[PDB]
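Peer 1: Before we start, here is the structure in question, set down as structure tokens.
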Ligand SMILES: *[C@@H]1O[C@H](CO)[C@@H](O)[C@H](O)[C@H]1NC(C)=O
């Protein structure tokens, strides 16, 4: 309960929410870029257009 | 209903593009009618015509 040293690692937890995204599939079939629609007005315009 | 409508984004983009074209056309019409000359002349103070 005392004789143990901690590790040296880190983690991060998010929280998914229902959101609409734009995704770009490259020539090889992989996703390379995306836009979070409803983040800021500029992304909203990218998403509408 | 919006999630169901997401598959008609092509149609809605087309509609918005058409209406935007109409609006820009109206501005163009007004400019080409009235802004024939870009020198804003002012009438002389005295009226001797
Ligand atoms: C796609 O795959 C080929 C072979 O793996 C590679 O040469 C090419 O660089 C890849 N496309 C891009 C944009 O990297």
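Using Swiss-Prot numbers, chain A covers 255-303, in order.
This deposition comes from electron microscopy, 3.2 Å.
The backbone N, Cα and C atoms fix where each Cβ goes, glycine too.
Take a look at what Swiss-Prot says about it:
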DISULFID  A:291-A:301  disulfide bond
CARBOHYD  A:282  N-linked glycosylation site
REGION    A:280-301  region 'Putative superantigen'
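How about a rundown of where these features are and what they're close to?
Peer 2: Taking Cβ-Cβ distances under 8 Å and a sequence separation of 6 or more, the neighbours of residue A:291 (disulfide bond) in its chain are A:273, A:274, A:275, A:276, A:297, A:298, A:300, A:301.
Sequence-distant neighbours of residue A:282 (N-linked glycosylation site) (same chain, 6+ residues apart, CB-CB distance under 8 A): none.
Panel annotation: around the region 'Putative superantigen' (A:280-301), residues 273-274 of the same chain, lying at least six beyond its termini, place a Cβ under 8 Å from a Cβ of the stretch.
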Peer 1: Would you mind splitting the region 'Putative superantigen' (A:280-301) into helix, strand and coil residue counts from DSSP?
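Peer 2: Its residues fall into 7 helix, 6 strand, 9 coil.
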Peer 1: Looking at the recorded positions A:282, A:291, A:301, which have a C-beta within less than 6 Å of some atom in ligand 1?
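Peer 2: Within range of ligand 1: A:282.
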